[PDB]
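Each of two forms of one protein chain follows alone as C-alpha cells, named structure 1 and structure 2.
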Structure 1
C-alpha cells in the first residue's frame, strides 16, 4: 500500500482547505498550523484502513467519486482522532519528541495552549462528518462511533495513568488482567475496531451482531499488536524507554509472573529508573527468564488463534478484510 498511502495523503490539502475556510481569521490560521504540524508525519495506517476496508466491502457499482471521497474523509477523521490523542498524551507524559520532531506543546509559544489545540483537532472530526456525511443514512452511527471511540480511549488512558504513575514503581499494579484491560480500551478499540466499524457503517453494514463479530476479531488483533509493540520496545532492531518509564509492559507483566521472591526484588530495585546500568539490569533479567522465547511462542499461538477467530467470525464480511490486517501486524 505505498500507492494507496500516497493517494490518502494527497487528500489532506483538501481536508485542510475545507476546515480552514472574518475576525476569527487568525484563529482559523492557528487551526491550520495545528492540523499541518500534527496530522502529518505518521504512517497513516488507521486511516488507510478505512479506505481499504471500504473498497473491499462495498458493491463495486456503488463506489462513485463522492463515495470514495467520503471514505477518505472518514479515514482522515480517524487520523484526526489519533492526532488529538497524541498531542494530549505527549503533554501528559512530558514527552520531548513525536514522529522524530519536537512535540507540538514543546514548541516555543505553544506550551499548554496545546490543550485547546488538541480539543480543536477532536472537534474537526465532527465538522468533517457533518460537511461530507450529513445526508447519509450512517451519519449518526459514525458520530456515535467516533464519540464512543474517544470515551473508550480516554478511559483506557485513565486506567493507564492510575496503574503506572511516573515516579512511583508499584509492581503490584502490573497484573495481566490490568494489562489486557489497558490495551483493549487505550489502544485496540480506536486502532482496530474504529476504522473497520466505520467502513462497515459506510457500506451499509449496521447490524449489532456483525459489529460484535468483527469487534471480537479486531480487539484480539489489537492485543497482539500492543504485546508485540512492548516486546520490540526492548528487543527490536532500530531505542525505547518503557522500562525507564515504569510502563505496564507485557514484558514486566511476564517477568513478574515468573520471578521468585529474589528476582521480584531485582525488579523492585531496578524498574522505573533513569540510570542505563539499572535498565541494563532488567533487560538482562528478562533474557534470563527467556522472555524473547515466551514472546515467540505467544506470537505463534496468537496467530493461530486469530486465524480461528477469522474462520468463526468474519462471515459475512470478506475474510480478506481481516487477513490484510493480520498480514500487516504479524
Structure 2
C-alpha cells in the first residue's frame, strides 16, 4: 500500500539516475561508447523488477524522518539511495545468473544469455556496482551519514558475497551433495546471501539518513530483518520450483544446480531410505526427467503444504519479533515490509 503509492514516483526517478550517471562523464567524450554501454546495462538490468528493496529505503525514510526535514533535496537523496540498493541487486543478479546458468530474469532472457553479451556481462555487473558509489558521492558527499552509507553498502556486499560463496561451495556440480544439505547449513547460507542486503541494508540506510546510528537500534532492527530475510529466501526457494513462471519472471534451476534449497532440506528430513535413494540419483543433474522425478518426490511428501504452514508460522514469529524489537522505531516500518512479503 505505502509501497504502491511511492512506487511510480520511485520508478520515474530512474531517468534522472541514468541521466546523471551519463552526464557526470560528458566532460570526457572518449568514454562515450562505454557510457552508452553502461546505459544499456542499466536499462536492461535495473528495470523490470518489483523494486521492493529500493522502495523500502524511500518508505522507511518518510516514516523515520520528521516531515519538516523532508525537503526536496532530502527526498531526492532518499530515492537515490533507494536506487543504489536496486543497483546492488542488479549487480548481484547479473553475476548470479551466469553462475547459476539461468535462462530468464524478470520476464526476459538473462543479460549474459543475450547474443553479443556473454561473459562480457561480468564487467557489466561490476560497472553496476561501481554506479552505487558514484551516486552516493554525487548526492550524499556533504551529508553527515556519507561514510556510514559507504561502509554499509560495502559491508553488505561482502556479507552477500560470503553467502554466495557458501551457496556455491555447498552445491558442487557433478557431485552428490545430500549430506551437506542440512537445516543449520541452510540458515547460514541465506542469512548471508539474502538477508543482509535485502532487508537490513534498505532499512539501515534509511535509519542512518534519519540520524539513527546507534549500535543498539541497528542490532534490534537487524533481529527482525534477518529473520524476514530468512523467510524471504525460503519463499524464493519454494517458488523456484512451485511458482508461476509468468509471475516469477524466471525459470528455476535449483535442482539442476544441485542447490541446498529449503525444499531439498525439508525433503531430506522426511524421506524414507527409498525416497532418499531416488533423491540421490536424480538431484543435481540437467535431465528434465530427473528433475521431474525430484519435483514428484517433493509433491509426494507434500512439501507445498509444509511450506504454506511454515509461511503462516513464520509470519507469526516475525510479528512477535516486531512486538519485541521495533521500539523505538515506528512498528509500521517493519509491518509494511512484512505485508509486502507475506
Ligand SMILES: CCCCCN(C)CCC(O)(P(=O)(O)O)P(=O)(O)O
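Numbering follows the first chain given and starts at 1. Under this definition, the rigid core comprises the largest set of C-alpha atoms superposing within 1.5 Å between the forms.
- By the stated condition, namely the form solved in complex with the named molecule, the second structure is the one that fits.
- In the core-superposed comparison between structures 1 and 2, residue 165 has its Cα shifted by at least 2 Å.
- After superposition on the rigid core, displacement of the C-alpha of residue 292 between structures 1 and 2 amounts to 2 Å or more.
- The chain behaves as two rigid parts between structures 1 and 2, and the smaller of them turns through 13 degrees against the larger.
- Once the core of the two forms is superposed, the Cα of residue 266 has moved 3.1 Å between structures 1 and 2.
- CA movement of residue 232 between structures 1 and 2 equals 4.1 Å, with the two forms superposed on the rigid core.
- With the core fitted, the CA of residue 325 sits 1.3 Å away from its counterpart between structures 1 and 2.
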